[PDB]
Amino acid sequence: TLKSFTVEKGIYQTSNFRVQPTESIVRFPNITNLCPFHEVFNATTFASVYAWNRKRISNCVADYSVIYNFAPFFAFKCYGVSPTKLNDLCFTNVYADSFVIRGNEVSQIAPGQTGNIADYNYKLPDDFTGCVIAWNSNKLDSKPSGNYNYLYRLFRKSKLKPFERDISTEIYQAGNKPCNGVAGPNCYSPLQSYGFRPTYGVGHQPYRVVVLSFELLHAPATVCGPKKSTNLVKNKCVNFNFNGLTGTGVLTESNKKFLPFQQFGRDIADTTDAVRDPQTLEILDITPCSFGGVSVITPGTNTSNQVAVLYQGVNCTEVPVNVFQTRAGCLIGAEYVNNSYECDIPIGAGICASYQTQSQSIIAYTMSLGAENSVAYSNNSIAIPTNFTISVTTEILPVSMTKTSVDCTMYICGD
Amino acid sequence: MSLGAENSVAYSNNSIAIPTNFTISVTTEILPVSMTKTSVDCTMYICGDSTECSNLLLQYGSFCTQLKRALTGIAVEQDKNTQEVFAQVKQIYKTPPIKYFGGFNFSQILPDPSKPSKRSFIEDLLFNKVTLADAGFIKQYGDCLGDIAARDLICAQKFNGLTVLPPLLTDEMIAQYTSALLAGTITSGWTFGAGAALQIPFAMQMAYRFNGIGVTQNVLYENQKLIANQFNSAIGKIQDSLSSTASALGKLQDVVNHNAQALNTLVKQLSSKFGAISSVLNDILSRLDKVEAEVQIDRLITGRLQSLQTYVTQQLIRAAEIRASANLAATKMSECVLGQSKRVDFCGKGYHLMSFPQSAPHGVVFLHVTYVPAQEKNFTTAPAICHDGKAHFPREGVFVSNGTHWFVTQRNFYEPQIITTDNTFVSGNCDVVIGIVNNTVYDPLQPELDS
Amino acid sequence: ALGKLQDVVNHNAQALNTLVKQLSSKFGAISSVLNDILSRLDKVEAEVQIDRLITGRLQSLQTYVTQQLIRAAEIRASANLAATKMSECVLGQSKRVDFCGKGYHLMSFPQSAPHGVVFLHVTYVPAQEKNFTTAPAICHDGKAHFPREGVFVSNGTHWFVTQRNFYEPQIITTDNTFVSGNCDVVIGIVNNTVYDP
Amino acid sequence: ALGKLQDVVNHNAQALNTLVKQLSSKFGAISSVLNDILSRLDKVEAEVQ
Ligand SMILES: *[C@@H]1O[C@H](CO)[C@@H](O)[C@H](O)[C@H]1NC(C)=O
Ligand SMILES: *[C@@H]1O[C@H](CO)[C@@H](O)[C@H](O)[C@H]1NC(C)=O
Ligand SMILES: *[C@@H]1O[C@H](CO)[C@@H](O)[C@H](O)[C@H]1NC(C)=O
Ligand SMILES: *[C@@H]1O[C@H](CO)[C@@H](O)[C@H](O)[C@H]1NC(C)=O
Ligand SMILES: *[C@@H]1O[C@H](CO)[C@@H](O)[C@H](O)[C@H]1NC(C)=O
Ligand SMILES: *[C@@H]1O[C@H](CO)[C@@H](O)[C@H](O)[C@H]1NC(C)=O
Ligand SMILES: *[C@@H]1O[C@H](CO)[C@@H](O)[C@H](O)[C@H]1NC(C)=O
Ligand SMILES: *[C@@H]1O[C@H](CO)[C@@H](O)[C@H](O)[C@H]1NC(C)=O
Ligand SMILES: *[C@@H]1O[C@H](CO)[C@@H](O)[C@H](O)[C@H]1NC(C)=O
Ligand SMILES: *[C@@H]1O[C@H](CO)[C@@H](O)[C@H](O)[C@H]1NC(C)=O
């Protein structure tokens, strides 16, 4: 730690100890349902662009390898989550949206993006989890006469909120003159068809999108991955997996008064204190495993190679990964003695240590403030000195330090 | 705002005012000495037992070694401050069993052995008035394990890598140092700070203290009961003023509250995102792949490193201010308590007599005993007196007149005396001193020679 | 005994050593050597790595400057104290307790040192005490005699007046005593004769 | 003679002058004007700047 080969007399802080976790419990809700991914993933057609479909998936065990099995999609291109990390993460609710798109629309539908499609047809929220799966479906949407059953929306009075659907065949007027059943006198139909053709250009080929957007809430989680449940442990430093909330601590039985709608307890530093069990209605309190600093008490290596160890702030009945309990932790390697000397190596609240002859050893003691004195006071007694001494002492005071000068261009860059 | 009352002091070129009575005043000065020693671990704070975060934190160099060195230097300096202020005495003197010091009542500042921590009455009042935050210097992991009611703030400060180290000197040892200084002051005087302790009766010591401020020593011996009663009433007034109002100890309370809110801010800064998607490293490690989680962990590392550097810089500036206050408290212990100070407005307002230390949480309390003149009286004065063509000047005194007869008296008290050649000296003619008056000067040798 | 000046040397060496050592860190880039980033990558990616190195080196240099400023404030406080001690201990005599050494101050001699100054404080310390019996005043002919300067002492039979800091007894005389009041006021006044020259 | 109070004035002037002039720097971005970044770019890139 000191980057040397000889140390001096003193107390040095070397590292920090920690009680390692022993077991690994995974608490997990038991559900036998299988999520309808295969059932409503493979379809012969999708809905319109302006009028898509929403599918609610809940309360089931989820599998995420079916995207490779069913659709020949190019890339996941996902925000906020890894495709291979979905196997462990337990979510709140899965939302499935399936609708066809045009070629110049894969990059158009994104959080924090605008255009013409995102204003009316399909709008994604700016902060969300889950993602968009897209591929090529040019031959999957090529009738010999072309596709016009899909409709397109381009006119509205104002903007449209994310995750919303528009179903209308009204008339919009760009002026104060109403039309009411006539199209063309300064008013046109907001509903427009699609020019999907087998002989069309490459820039507007028909594509397809299945959305699998998830959400992260403090709601009671229903849909999870496939995992296994493990029975409870108590008063042990153990890693836990309570509904995907991982960590490490000691799961003491809680004393609290949790209301029936409250599951998670919260810390001031944003961590968790108490967690509701996913298999019963018992609240259990989390406490972190024991830790602290470690200090090595040594004299100089020119004197001896004996050391003492101070584990700071622990009632060391749980020391490991002469034993004396101290106010400042506990001291291993030093013997407590009922004497009083001056302080050589300062340890804690009144305790010092030193290298003493009485075979050599490292001793620990409470330090002495000085010799006890009791000057004889009386109401008619005085003490007057008859001689004197002249003494010369020494006082040392720093005055100045080193003057330095640094330039940025030589230090940061160097020509 | 008003600056104060308006006064038009009456100045004339032959008019003087001399006090006739005094009051004994006990004031109180409160000075901080030391502050809380803390140690912070980087790997628990920034990362918290995450291996990937530690591997990314290893690329940032040696920020954490110098943060650890700065906090260790502050923690050593606090113990140096307490040792410099209080441990100014070589031996632990103790009071004789007879509690008679010329009528002065020192029962409120001398300790009593009834309670385990042998502290006095006023020290107990000062210790109860400063409410502690109950920080991590007390071992509390046994209490952090036992979840009773709700989670404590101190446990939450402990759980994120912040540790509070106890001071080297316990409060009983500070109380023993204060008792030794009090016993040396009461029994010896200023002699215990210049070598060995030399006993002297308290009345003769107070006569020496009055001789220090330009008043003769017969003023004490002729008014011993009055001065004793004034000191006892002043000590009782300090006790009642402490037991009534609790706003006088605001400096040590500020010392406690600043450290409490600094640790609270450092704990609350862990909830911030700093542009990432979550403030929890486990969620980023479980949700994302390698590279994007590395980006989010690097953003969290930058934010938490910046907050830790801000905390350490504020701690260094606070420790410099605390060290300056501790140097001032050490100088006041050396000069007021171990001697008698001639510096104006140092060691209390008025002419200083003696001071008494009292230990307070994170500081010290001085009770300055001073001399304040009370009842003055207008007089007519002159610089010199002409007699037989010779100008007479007072040796140590001032010439005053009641209207008909001329007297010489000391400056700080009214004690008129007959003008004699013993208390005056001759210098020059009568034609050079502006304002000289005509009066006779007694010569004691002529009636001794005639009789 | 000279650990203060040695600490002043050691801190200034260690800060510069840490500032040199901080040039070896990557700070999230791919190399700590700038020419390798220049020679390996294109324009944009080398600009990204260079900006990471610039941010890290600027942060380390700012921390060095702030620590040096706080150290300079401490050094300036110590220099002001040394200047005051030079003006008061060396250029004059000080009546302040525990200033200019422990004891009754007589002299002081400055000595130069690396990055500092050394004072040799010469003081007066009383050595050999002796118990005595004392009184605040002397009652003689109904008049109380107080000492002018000094203190009344008794070796058991006779009464003397002596100075406070040295045992030099003298015969009690009206030249070294003054009269104030009668014997019925002072608590502890004793009966003794005062010589008339 | 009065250089110390003049320095007390000058330091407080030049610190605020540096604080005002620091708003002109780009700090690695493409513009020091916040409205230009808000008007020229999309949401994510303007968030980066
Ligand atoms: C889950 O477990 C609980 C108790 O362990 C049981 O009451 C419940 O019926 C189970 N649910 C299913 C779907 O099996
Ligand atoms: C979808 O279902 C149809 C009819 O059940 C089937 O012909 C087709 O092969 C299925 N698609 C895939 C990718 O399995
Ligand atoms: C904690 O330490 C104290 C100090 O010795 C001891 O009395 C107490 O039993 C300890 N608590 C335990 C071991 O639970
Ligand atoms: C002075 O002390 C003696 C013995 O110590 C005691 O008898 C006497 O009463 C004391 N004087 C006064 C005035 O109390
Ligand atoms: C002294 O004071 C009186 C009254 O104020 C004044 O008349 C006189 O001029 C003063 N003396 C001198 C020398 O000015
Ligand atoms: C004053 O002294 C007497 C004894 O001389 C003692 O009984 C009394 O308690 C003292 N006063 C106070 C307020 O303690
Ligand atoms: C002294 O004289 C002045 C002027 O006549 C007067 O104002 C003052 O009240 C008198 N008394 C005292 C005690 O100053
Ligand atoms: C004082 O007395 C001398 C001689 O006795 C005389 O010349 C002088 O005028 C007197 N001064 C006053 C102010 O009366
Ligand atoms: C004075 O008397 C006390 C008690 O009678 C004794 O302890 C001490 O040694 C004597 N001498 C001196 C020099 O104090
Ligand atoms: C001192 O002498 C006076 C008379 O001269 C006498 O009344 C008094 O009692 C004496 N005091 C002592 C203590 O002997």
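Taken together, the values in this text are just the output of simple stated rules run on the coordinates, not laboratory data. Every residue, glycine among them, receives a Cβ derived from its backbone with ideal geometry; neighbour counts consider all protein chains shown.
Could you run the Debye sum over the Cα atoms of the stretch C:58-120, one equal point scatterer each and no solvent, and tell me log10 of I(q)/I(0) at q = 0.14, 0.18, 0.24, 0.25 Å⁻¹, two decimals?
Computed log10 I(q)/I(0) values: -0.53, -0.70, -0.99, -1.03.
Give the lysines whose C-alpha is closer than 24 Å to that of B:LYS349, dropping any in the same chain fewer than 8 places away, or say none.
B:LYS225, B:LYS237, B:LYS251, B:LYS332, B:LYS377, C:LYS95
Which distance in Å, rounded to a whole number, links the C-alpha centroids of the stretch B:279-337 and the stretch A:3-22?
22 Å
When a/c is below 1.5 the answer is rounded, else prolate if a/b is larger than b/c, else oblate, so apply that to the stretch B:1-113 with a ≥ b ≥ c taken from the square roots of the Cα gyration tensor eigenvalues.
The shape class here is oblate.
What is the mean number of Cβ atoms from other protein chains located within 10 Å of the Cβ atom of each residue in peptide A:77-84, rounded to a whole number?
Counting Cβ atoms of other protein chains within 10 Å of each residue's Cβ and averaging gives 3.
Compute the long axis of helix B:63-86 from its Cα atoms, compare it with the longest principal axis of the Cα atoms of chain B, and write down the angle in degrees, 0 to 90, nearest 10.
30 degrees
Between C:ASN35 and C:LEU58, what FRET efficiency follows from the Cβ-Cβ distance if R0 is 22 Å, with the result rounded to 0.05?
0.65
Between the stretch A:256-298 and the stretch C:20-70, what's the alpha-carbon centroid distance in Å?
So the separation of the two Cα centres works out to 40 Å.
Spin-label point model (7 Å from Cα, Cβ direction): what's the A:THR1 to A:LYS161 distance in nm?
5.9 nm
How far apart, in nm, are the 7 Å Cα→Cβ label points at C:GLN128 and A:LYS256?
In this crude label model, C:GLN128 to A:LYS256 measures out at 7.9 nm.
For D:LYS26, list the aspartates and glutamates whose Cα falls under 16 Å from its own Cα; do not include residues on the same chain fewer than 8 positions away.
Cα-Cα hits under 16 Å: C:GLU47, C:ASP51, D:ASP36, D:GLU45, D:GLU47.
Just tell me how shielded B:35-45 is by partners: mean number of partner chain Cβ atoms within 10 Å of each residue's Cβ, no decimals.
For this peptide, the per-residue mean of nearby foreign Cβ atoms is 2.
Expressed as a whole number of Å, what is the distance separating the alpha-carbon centroids of the stretch B:408-439 and the stretch B:190-215?
About 31 Å separates the Cα centre of the stretch B:190-215 from the one of the stretch B:408-439.
Which distance in nm do the two modelled labels at B:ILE418 and A:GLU395 give, with both placed 7 Å along the Cα-to-Cβ direction?
That separation, rounded to one decimal, is 5.2 nm.
For the Cα atoms of chain C, what angle does the longest principal axis make with the long axis of helix C:3-21, in degrees from 0 to 90, nearest 10?
Rounded to the nearest ten degrees, it is 10.
Please work out how many pairs of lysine residues in the stretch A:54-196 are eight or more positions apart (or on different chains) and have Cα atoms closer than 21 angstrom.
Summing the qualifying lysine pairs gives 8.
Just tell me which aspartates and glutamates come within less than 18 Å, Cα to Cα, of A:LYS256; anything on the same chain fewer than 8 places away is out.
Answer for A:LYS256, where 18 Å is the Cα cut-off: A:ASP267, A:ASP273, A:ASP277, A:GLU282, A:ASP285, B:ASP143, B:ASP147, B:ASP152, listed by chain and number.
Quick check: net charge around A:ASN138, other residues with Cβ under 15 Å of its Cβ, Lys/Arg +1 and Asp/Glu -1?
+3
What FRET efficiency comes out for the pair D:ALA15/B:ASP171, r = Cβ-Cβ distance, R0 = 51 Å, nearest 0.05?
Computed FRET efficiency for D:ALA15 and B:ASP171 comes out at 0.70.
Pull up all non-local amide H partners of A:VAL19: gap of 5 or more, or a different chain, and H-to-H distance under 5 Å with H placed in the peptide plane.
Result for A:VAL19 returns A:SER290.
From Cα coordinates alone, what are the radius of gyration and Dmax values for the protein assembly as shown in angstrom?
Taking only Cα atoms of the protein assembly as shown, I get Rg and Dmax of 42.9, 160 Å.
To the nearest 10 degrees, how steeply does helix B:202-212 sit against the main Cα axis of chain B, on a 0 to 90 scale?
It is inclined by approximately 80 degrees.
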